Amino acid sequence: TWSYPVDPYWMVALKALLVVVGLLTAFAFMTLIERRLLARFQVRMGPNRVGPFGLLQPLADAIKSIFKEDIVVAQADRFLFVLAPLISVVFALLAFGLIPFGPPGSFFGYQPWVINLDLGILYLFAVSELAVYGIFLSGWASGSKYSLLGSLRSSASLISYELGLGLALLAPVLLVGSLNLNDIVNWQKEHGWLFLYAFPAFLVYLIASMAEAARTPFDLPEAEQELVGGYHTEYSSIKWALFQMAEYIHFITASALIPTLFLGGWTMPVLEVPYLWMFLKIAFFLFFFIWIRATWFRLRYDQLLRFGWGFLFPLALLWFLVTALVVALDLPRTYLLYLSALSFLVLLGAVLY
Amino acid sequence: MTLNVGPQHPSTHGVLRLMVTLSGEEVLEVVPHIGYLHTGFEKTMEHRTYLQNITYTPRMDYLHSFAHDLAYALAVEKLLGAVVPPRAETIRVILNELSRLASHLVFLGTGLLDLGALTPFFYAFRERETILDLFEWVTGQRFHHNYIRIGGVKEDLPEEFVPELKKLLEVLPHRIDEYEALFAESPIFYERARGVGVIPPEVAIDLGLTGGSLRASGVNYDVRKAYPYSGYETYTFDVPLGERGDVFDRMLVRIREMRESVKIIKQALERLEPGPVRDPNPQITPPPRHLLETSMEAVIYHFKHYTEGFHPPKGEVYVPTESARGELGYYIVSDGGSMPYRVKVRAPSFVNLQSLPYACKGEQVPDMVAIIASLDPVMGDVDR
Amino acid sequence: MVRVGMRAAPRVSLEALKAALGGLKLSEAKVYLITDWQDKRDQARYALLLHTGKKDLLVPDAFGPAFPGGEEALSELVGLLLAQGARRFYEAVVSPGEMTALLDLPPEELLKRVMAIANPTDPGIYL
Amino acid sequence: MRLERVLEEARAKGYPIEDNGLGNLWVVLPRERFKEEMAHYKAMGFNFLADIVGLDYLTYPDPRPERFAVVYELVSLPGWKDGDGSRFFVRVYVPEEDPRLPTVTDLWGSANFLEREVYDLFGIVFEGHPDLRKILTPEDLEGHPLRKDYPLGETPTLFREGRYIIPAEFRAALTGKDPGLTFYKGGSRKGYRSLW
Amino acid sequence: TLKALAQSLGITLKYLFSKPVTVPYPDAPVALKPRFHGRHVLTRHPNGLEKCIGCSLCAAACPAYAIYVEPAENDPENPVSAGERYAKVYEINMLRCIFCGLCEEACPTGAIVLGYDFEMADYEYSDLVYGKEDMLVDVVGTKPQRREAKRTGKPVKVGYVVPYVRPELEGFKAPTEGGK
Amino acid sequence: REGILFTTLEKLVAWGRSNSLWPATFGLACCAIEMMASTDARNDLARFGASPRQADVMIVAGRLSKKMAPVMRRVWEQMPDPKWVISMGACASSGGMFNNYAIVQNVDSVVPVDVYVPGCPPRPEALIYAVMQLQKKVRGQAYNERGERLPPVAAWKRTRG
Ligand code: SF4
Ligand code: SF4
Ligand code: SF4
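Protein chains in written order, with the deposited numbering: chain H, 2 to 354; chain 4, 26 to 409; chain W, 1 to 127; chain 5, 1 to 196; chain 9, 2 to 181; chain 6, 16 to 64, 70 to 181.
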């Protein structure tokens, strides 16, 4: 925050609240869109009933949800069962704040973000650990071990790739030289589109985000069809809704973060209207990810650990040292345009034999 | 950890209960527990006319029902010495194979979902819907169709069945390939299914695993070939096979079986010319409905047939048939009564299951789900 | 097998049953409610056969809303089975014509018929 | 060819041979020789054990040697090492007051569940079994359902005003030992067979 | 075999952009085949005389024993059926019923013939034991359907259409094809 | 608070639930496969949970074996409270064509039935009719043949215990 202003604490608050409830309506309507987009992929139709577009069905659903009877299991730790859903949502919502959707002053006088800070990615990392805390904790809190085991599979896997995200994030930091999202973005304004320079790390970041419930590992798990996922399976009315809510906000936070960092989110080469583009990129990754949600198999997490731990993460720190070598010896930043382009040429061509 | 995978939950399919003796992420031994669907046909059917039973036959294996229909019809016809007309036989091969395509479509739909992901249940469902529409067209029912008769079949095929069977016979080759397209080149599935699910032929034989999950481990035994019945003896017929029995190979074998089934459909469809449809022996077959207004003998026989039914000779009988789940057949003891003395049904799905504590022994846990779907059970057949 | 009670007389039968059960713990017993007509519980009558496993007990059709003050009697019956720790309740459906003949059969036969026809049931419907 | 070697063996040892002209064939071994003879049967090259089918002949119009009778189905798979396609039934009668019979579990693991079923539904206990647990009938079910002395257990089907049907009192169909509704039954209703 | 992930996606894409498949019942009426096994109907002759001579052979044919027929003697002055005998009671327990149509098939007068209706889901067991006067050819609707249509006064529309009705159902009016 | 006591509020929540009616399927026989067809065409329903915890509507689809009854019992009990039971097909509703030692001759014995759906199997669209029933049933828009209006939730009517 060398170059960027601060709105008064009341306005920071108000913006925070707007972003939270905005994220509420966001998650619900996103559930509708994925329902139907999936329906198109599998050549059926969505829910038009309880319409008009079918888009009043989160009202109906939320309405079921509350008035549903929130059940607290005995044989569940009384304090932890309640507290668990609380944690998972709190640490999910926060840190979508940081993401700038526009230049300063452009919020109608103020600030497209909520908070910016000076240490950016670390905040994200920090908040990311704590949701997982919520996961394995709920697994305990429920005090059904069937729930536990799954929560443990979950946590082990998540934590694995969660490590992956860091060594992913190292490379682009070298180039920009800042821990701030606005600076990274602006770096992409001038030198342009970090994934041009950073590509392998782009790959390992994205796929690292597969672990965080994104689908294609999925021995996350959802309880479905396996040794269950754990955390949900013991909760009913509001609390269950809270867990689902958190996992989805994380999904869109990631769909925002991917353009924000490696691409130029907002801050596109041309047109450069402030909000619309970040929402569009969000939409792009969101849709592509939904395709991923539908159209690919599971890992078992035996493999998922193999894939992230054995493949993604070593690959991640390998590229870091390369970009470290390049930035340390100051050569040009061109060598990374060339290198990333070339590595992309490799990591693609070996698919089509 | 003796983990208790429940009766109906969590997505252990078709109401089975499993005591997975399991410490860690492997599987020590699963101690299977069945009997949750036990309806008790073998007793109930001792209390129904041989005609009446034909309503109870489709109802066990409800996916490939007509294999039940066929097996039972045959064993009785044999036992009372009835002569089934050629066009009826042809229709019975068509329906049997169409019902097979239905069943198989279901098996791989559920399999792909069970571990792995959601999408392809739907396309298989689309083709299955075209098949079910075929069945509705001819029998007036989706399944449990009361059609086959000890003589032959209930009535003839309507004008509209032929055109529609072709439509599906046209899309299916392209279609079956599309399912195959996704699978044979298995992206994750290969690293998911190739290793899992060990089937030695010798133990398959030792534990008696007959049902097309047998040929996936390299034993060549098909009832339509080994012990021919309904004129499968006369068809251009390919039997798909597997290399070493895993999940993957079982899974593809049945897909090949679908195009070969379709080839039997086309082939039988070619050989079909007009005629009558069931054995006219009045002892066996209720009179023509039109002359109930004219003949004494007609009315007497109508009344009698639909009340008492008929009495087959004192004797025991059995005939083997091929379902999409393996060897199926009815062991019929008749006492010369209007109702069978006893009907024991050889349940393929029941013997096939002695090899699951074997099959999923040492396998993964996420895989322990997949390894179940890959064995293709139907519980109506099992419990029974 | 013992037979207590008499047909169509709810309060005497309830008082006698209360007398006969005693301090017997019912955790391994099976409770069979014998009635005619699946759908209509409003005009229903109920007889009961109790298989304790160490000995059996028959009560004729004296229970249910069919007779005056009968509903409260069936309700307290089930409540009382529940208190001693009986859990497994079953519902058996007979023809009205059967009901008289059924309880005049010898113990063993009546009991096998009852176990053959009886349907697992929620104790709550009789409360 | 392996079947001929069975029949030729049974004739010399005085084992009776049942045949219906439908193409089904039986061989009845005594209780004694059963275990060993059948051990010899797997040893004889019999790959596959298809069935164990329990039979309760209590209500069968003609008498048989003993009340319960079990039939095993032995085969040699045609697509295996050298498979004939030889399949056949071996019947073993069992006393009412002695429901014993050796398992072939050692021989075929097929014998495992099937023999258990025949234990559940009929009272027949199979020797040497790894586990004879009740299989099918509800845990707390008492007795053995498919044996004839055990009620099919019907409930009346129900209609509107006091109207019921008792199926067993409704039945038009007759069993083998049923008289029929006239003075007697002759002909087709004492059993019929068409002649091809 | 890396290529597959890609092609897998591709086909699904093709299918997304292909829009069509499905029917939205009850808003779009389901198409049924002409032989389908639906709600039992009793049929009449041209005279209007009922085909049912009340012989309860439908009931004897019944594997679920779901048909009760109390029989009766025709009144010379004002007749019901064509014999001397007709059906005083015809009840069918839809809940007992398995839907074979062995009843129709047993029926000597072509009286009992399964129909086309499926919207019969109802709240109460005993509302589900249909009587004769719910099944005659003149009747249009199922029980809850008709009951809703009276408590609303909004006429019945069945959620089905057929190419035509069978010869055996003769007299049974239905929404067909574009015949209408 | 169970969806009750403001004319605006209860109606509002009651639509919420009826249109939200969240089937938790309990497959048994062939009827379950006939409901897997229903999964295709569906549009207030067919998201699951699947886990019982998360759902109002229990769909009993198939023959319920006597040995199977105490299980379904707890699954029903182990559901949140505002919950409904649909009974699918002849075997479930009455004893069906199997009238015998093996099978429950009405599922209403063990779980409170809201709606019944005849057929063997019933066509899927009949089950839509039943969930529209139950839709419109919990709206308190439902009547029997005797003239009586039907309660939104049956199993608000049994004594638990
Ligand atoms: S369709 Fe079958 S079960 Fe239904 S009444 Fe007719 S004969 Fe009986
Ligand atoms: S419907 Fe037909 S079979 Fe039934 S009583 Fe009437 S005339 Fe006879
Ligand atoms: S009602 Fe029919 S379709 Fe449903 S479970 Fe029973 S036999 Fe199967």
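Backbone N, C-alpha and C fix where the C-beta goes; we use that ideal spot for every residue, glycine too.
{"Query": "If I measure Cβ to Cβ from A162 (chain 6) and keep anything under 8 Å in the same chain, skipping five residues before and after, which residues do I get?", "Result": "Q153, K156, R169 and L170"}
{"Query": "In chain order, which alpha helix (DSSP H) runs of at least 4 residues are fully inside the region 118-181 of chain 9?", "Result": "144-151"}
{"Query": "Quick one: what's got a C-beta closer than 8 Å to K133 (chain 9)'s C-beta in the same chain, skipping five residues either side?", "Result": "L43, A88, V90, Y91 and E92"}
{"Query": "Taking 6 Å as the cut-off, is the C-beta of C111 (chain 6) nearer than that to any heavy atom in ligand 3?", "Result": "yes"}
{"Query": "What are the boundary residues of the alpha helix (DSSP H) that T261 (chain H) is part of?", "Result": "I239 to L262"}
{"Query": "Under 6 Å, CB to any heavy atom of ligand 2. Which residues pass, going along the chain?", "Result": "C53 (chain 9), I54 (chain 9), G55 (chain 9), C56 (chain 9), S57 (chain 9), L58 (chain 9), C59 (chain 9), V70 (chain 9), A88 (chain 9), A107 (chain 9), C108 (chain 9), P109 (chain 9), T110 (chain 9), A112 (chain 9) and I113 (chain 9)"}
{"Query": "Using a Cβ-Cβ cutoff of less than 6 Å, which residues in the same chain neighbour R249 (chain 4) once the five nearest sequence positions on both sides are dropped?", "Result": "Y257 and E347"}
{"Query": "Would you give the residue range spanned by the alpha helix (DSSP H) that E115 (chain 5) belongs to?", "Result": "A111 to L121"}
{"Query": "Can you confirm whether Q43 (chain H), when its beta carbon is compared against all beta carbons of chain 4, has any partner nearer than 7 Å?", "Result": "yes"}
{"Query": "Using only the heavy atoms of ligand 1, determine whether one of them is closer than 6 Å to the beta carbon of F280 (chain H).", "Result": "no"}
{"Query": "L6 (chain 9) touches chain 4 at which residues, Cβ-Cβ below 7 Å?", "Result": "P212"}
{"Query": "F66 (chain 4): which of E4 (chain 5), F170 (chain 5) and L121 (chain 5) sits nearest, CA to CA?", "Result": "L121 (chain 5)"}
{"Query": "I need the DSSP call for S36 (chain 4), collapsed to helix, strand or coil.", "Result": "coil"}
{"Query": "From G178 (chain H), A209 (chain H) and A317 (chain H), pick the residue whose C-alpha is nearest to that of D331 (chain H); which is it?", "Result": "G178 (chain H)"}
{"Query": "Show which residues of chain 6 have a CB atom less than 8 Å away from the CB atom of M136 (chain 9).", "Result": "In chain order: nothing, as chain 6 lies at least about 14 Å away."}
{"Query": "Report the residues of the region 174-190 of chain 5 with a CB closer than 7 Å to any CB of chain 4, ordered along the chain.", "Result": "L174, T175, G176, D178, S188, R189 and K190"}
{"Query": "Classify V323 (chain H): buried if its beta carbon has 16 or more other beta carbons within 10 angstroms, exposed otherwise.", "Result": "buried"}
{"Query": "Between the Cα of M393 (chain 4) and those of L15 (chain H), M279 (chain H), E227 (chain H) and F285 (chain H), spot the shortest distance and give me the residue it belongs to.", "Result": "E227 (chain H)"}
{"Query": "Does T259 (chain 4) pass the burial test, meaning 16 or more other C-beta atoms within 10 Å, or should it be called exposed?", "Result": "exposed"}
{"Query": "Going by C-alpha distance, which of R11 (chain W), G124 (chain W) and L103 (chain W) is nearest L49 (chain W)?", "Result": "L103 (chain W)"}
{"Query": "Once the 5 residues before and after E114 (chain 4) are set aside, which same chain residues still bring their CB inside 8 Å of it?", "Result": "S255 and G256"}
{"Query": "Is any heavy atom in ligand 1 found nearer than 6 Å to the beta carbon of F170 (chain 5)?", "Result": "no"}
{"Query": "Is it true that the region 211-225 of chain H meets the region 298-308 of chain H, where meeting means three or more beta-carbon pairs spaced less than 8 Å apart?", "Result": "yes"}
{"Query": "Would you kindly work out how many angstroms separate the C-alpha atoms of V114 (chain 9) and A86 (chain W), rounded to a whole number?", "Result": "49 Å"}
{"Query": "Would you please verify whether the beta carbon of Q77 (chain 4) is less than 7 Å from any beta carbon of chain 9?", "Result": "yes"}
{"Query": "Does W26 (chain 5) come out as helix, strand or coil in the three-state DSSP assignment?", "Result": "strand"}
{"Query": "Do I280 (chain 4) and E205 (chain 4) count as a contact pair if the criterion is CB distance below 7 Å?", "Result": "yes"}
{"Query": "For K339 (chain 4), which three-state DSSP category applies?", "Result": "strand"}
{"Query": "Any heavy atom of ligand 3 closer than 6 Å to the Cβ of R83 (chain 6)?", "Result": "yes"}
{"Query": "Which residue comes first and which comes last in the beta strand (DSSP E) that contains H41 (chain 9)?", "Result": "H41 to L43"}
{"Query": "Can you pull the chain 5 residues whose beta carbon is under 9 Å from the beta carbon of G115 (chain 6), in chain order?", "Result": "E154, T155 and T157"}
{"Query": "Can you list, in chain order, the residues of the region 85-106 of chain 6 whose Cβ is nearer than 8 Å to any Cβ on chain W?", "Result": "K86, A89, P90 and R93"}
{"Query": "Quick check: does the Cβ of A44 (chain 6) come within less than 6 Å of any heavy atom belonging to ligand 3?", "Result": "yes"}
{"Query": "Compute the Euclidean distance between the alpha carbons of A98 (chain 4) and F160 (chain 4), then round it to the nearest angstrom.", "Result": "18 Å"}
{"Query": "Under 8 Å between beta-carbons, which chain 6 residues line up against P65 (chain W)? List them in chain order, please.", "Result": "By Cβ distance, chain 6 contributes nothing, its closest Cβ being about 15 Å from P65 (chain W), past 8 Å."}
{"Query": "Within the present structure, is the beta-carbon of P141 (chain 6) separated from the nearest heavy atom of ligand 3 by less than 6 Å?", "Result": "yes"}
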